[PDB]
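A quick write-up on the structure given underneath.
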Amino acid sequence: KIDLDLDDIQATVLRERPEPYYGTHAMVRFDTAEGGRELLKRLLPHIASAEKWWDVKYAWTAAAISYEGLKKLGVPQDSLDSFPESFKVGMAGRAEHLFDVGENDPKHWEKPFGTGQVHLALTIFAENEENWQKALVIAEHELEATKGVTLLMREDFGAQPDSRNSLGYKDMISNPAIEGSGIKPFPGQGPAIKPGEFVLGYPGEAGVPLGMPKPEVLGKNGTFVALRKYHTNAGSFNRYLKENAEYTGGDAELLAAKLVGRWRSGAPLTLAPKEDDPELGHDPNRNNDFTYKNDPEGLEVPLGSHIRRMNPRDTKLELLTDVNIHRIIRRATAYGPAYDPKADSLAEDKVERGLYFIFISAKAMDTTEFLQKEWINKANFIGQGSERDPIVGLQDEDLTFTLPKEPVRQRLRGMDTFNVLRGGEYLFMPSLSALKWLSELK
Ligand code: HEM
Ligand SMILES: [Mg+2]
Ligand SMILES: [Mg+2]
Ligand SMILES: [Mg+2]
């Protein structure tokens, strides 16, 4: 059944990223309360809802608002107080619960981020360059027309060869299935998570709705967003694959597969353990149909590989854990020059490429802080001590990655931080009704 008011929920909460994809991220500041309210009234016609999210849509526009954004809009103090504390503090201010330290410390963040300047994040997704522009010109026009707001930054994304990300992996394969979305999960995508884990106003896994913003028109059919921008050091990554390829029989593509858990083509190593299977990788009805019940030792998908860290499935962990409450919906967008596998100079790390991530969840701040602190930058849950995620963890050359083989558990060292945080924000992705309410304040 459809249990979700799809016509009130923003499209981005349920729509997969288009294939191929083009778009733009835009960070906006509200100079005056009335400027903010007006921008929303002008954008609101162009914010698509999640109606028939399984159908084709050549472009849609998303909007998500920071605490500072809500404050400036004039949201009353008793409504501001109903948002979680983490959201109030903002992402930079919560760096300690995110292990955003070292290279990722907020003092190094790119300009708009981490300062409270970002009030409104606008994202345009599109499947061809023509509808990207059509929606872009519409966005730019309404911005120009709104005195009282200024566009802080703007960056285009997508147009990647074969849609691969900034390290050449097929991304956007595994996202949680939502009970009540109207669509049965792809094989191996189950189980359908209770809808209140991802949309406010609805029961979660524990049977009751999560704490949500007040009044009901502001919080219902909304959700929370963790937006993070990374810079990718593909030079360092490439040199790492070459240096350590001896440990996977000279095959650098197998080593790239062991660090993520999937070949760059998308095939998971549980379904393609010895050689790539690019047709498997491209097929949504095949590329996710697996668990780890027959791989308890990480011989196929290593325990500390990226996808297995982020979604352990039936892996035995240290402490009891309901994986269902630690899921996140991801929208990844690669930006910058396309990834090149032969490029391994030091200067390749200086090419401005990377990823934007929009992580969506009714408790997005909690789950992002949880994943960052417990499953990316530690390995106690998998019994590998201080090993950290090879793709996005804050690496130290003397930390290791354990690559299980026959009959020896090989250890690798000398990793650099391959994806460096350039900034981020905790945002609130409001319902279509809540957006209208915000535009009619005061
Ligand atoms: C920063 C650079 C990152 C890169 C290059 C990257 C890349 C990937 C790739 C290639 C996959 C496999 C494709 C797929 O399963 O859809 C994946 C899966 C996943 N990643 Fe990341 N990712 C990054 C950051 C993050 C972060 C910060 C998080 C969470 C805090 C995250 C959470 C996940 C999850 C939940 C999955 C799905 C696992 C599953 O259901 O099997 N990723 N990522
Ligand atoms: Mg949307
Ligand atoms: Mg490259
Ligand atoms: Mg960059």
Side-chain angles (χ1 to χ4, degrees), residues 9-17 46-50 53 57 60-64 98 122-125 164-177 188-189 223 225-226 228-238 256-257 259-264 266 268 281 287-288 290-292 301 305-313 323 326-332 334 336-345 348-349 351 353-361 364 367-373 375-377 389-393 417-421 424 429-432 435:
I9 299 167
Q10 273 195 55
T12 301
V13 180
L14 279 97
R15 285 217 165 241
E16 279 292 327
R17 192 189 59 188
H46 309 278
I47 310 271
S49 80
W53 61 263
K57 211 175 213 33
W60 62 93
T61 295
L98 292 154
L122 279 172
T123 309
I124 276 163
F125 297 93
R164 308 299 206 55
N165 76 1
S166 64
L167 288 177
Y169 293 79
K170 172 172 190 34
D171 59 356
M172 299 284 86
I173 285 164
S174 190
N175 267 319
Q189 190 184 21
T223 183
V225 173
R228 295 171 70 88
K229 176 179 164 172
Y230 291 84
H231 165 78
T232 299
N233 296 307
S236 215
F237 192 67
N238 278 349
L259 295 173
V260 167
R262 299 173 174 281
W263 296 86
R264 289 168 130 154
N287 57 17
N288 217 14
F290 65 94
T291 66
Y292 302 116
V301 175
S305 72
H306 182 60
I307 71 151
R308 194 159 178 169
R309 282 178 176 272
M310 311 283 96
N311 180 5
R313 298 178 203 229
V323 176
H326 300 292
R327 297 304 295 286
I328 197 83
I329 294 162
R330 302 174 297 128
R331 310 301 181 219
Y339 168 81
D340 176 3
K342 319 279 143 225
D344 71 61
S345 78
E348 183 69 17
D349 281 354
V351 174
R353 64 158 66 77
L355 307 166
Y356 282 78
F357 273 102
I358 286 162
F359 301 116
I360 291 164
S361 152
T367 290
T368 300
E369 291 170 8
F370 174 83
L371 293 172
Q372 271 298 123
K373 193 97 208 321
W375 287 3
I376 286 154
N377 289 304
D389 187 277
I391 293 299
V392 63
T417 293
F418 297 135
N419 289 278
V420 170
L421 188 62
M429 181 173 274
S431 79
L432 261 50
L435 285 172

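Order of listing sets the numbers, starting from 1, for every ligand and every atom in it. Position 1 is the first residue of the sequence, and the numbers go up from there.
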Looking only at N/O atoms, are [X] and ligand 1 under 3.5 Å apart anywhere?
X: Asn311; result: yes
X: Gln372; result: no
X: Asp171; result: no
X: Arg313; result: yes
X: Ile173; result: yes

Which residue and heavy atom of the protein sit nearest atom 10 (C) of ligand 1, plus the separation: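 Here the closest protein heavy atom is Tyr169 CB, 3.5 Å.
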Under a 4.0 Å heavy-atom limit, does [X] contact ligand 1 with its side chain, its backbone, both, or neither?
X: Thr368; result: neither
X: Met172; result: backbone
X: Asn165; result: side chain
X: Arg308; result: neither
X: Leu355; result: side chain

Any side-chain donor near an acceptor of the partner, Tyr230 and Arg353, under 3.5 Å: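 Checked: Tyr230/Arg353 side chains show no N/O donor-acceptor pair below 3.5 Å.
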Within less than 4.0 angstrom of ligand 1, does [X] place any heavy atom?
X: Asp389; result: no
X: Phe359; result: yes
X: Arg228; result: no

Cation-aromatic face contact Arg228/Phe357, 6.0 Å, 45 degrees: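 Not satisfied by the 6.0 Å and 45° rule.
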Test: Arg308 cationic atom under 6.0 Å from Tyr292 six-membered ring centre, within 45° of axis: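 That pair qualifies as a cation-pi contact.
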Options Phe357, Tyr230, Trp375, ranked by nearest heavy atom to atom 27 (C) of ligand 1, top entry: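 Shortest heavy-atom distance from atom 27 (C) of ligand 1: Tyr230.
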Aromatic contact, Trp60 with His46 (centres under 6.0 Å):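 Distance test on ring centres: not under 6.0 Å, no.
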Identified side chain to side chain donor-acceptor pair (under 3.5 Å) counterpart of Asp171 within the set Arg17, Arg262, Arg330: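 It is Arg17, the one option of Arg17, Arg262, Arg330 that forms the side chain to side chain donor-acceptor pair (under 3.5 Å) with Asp171.
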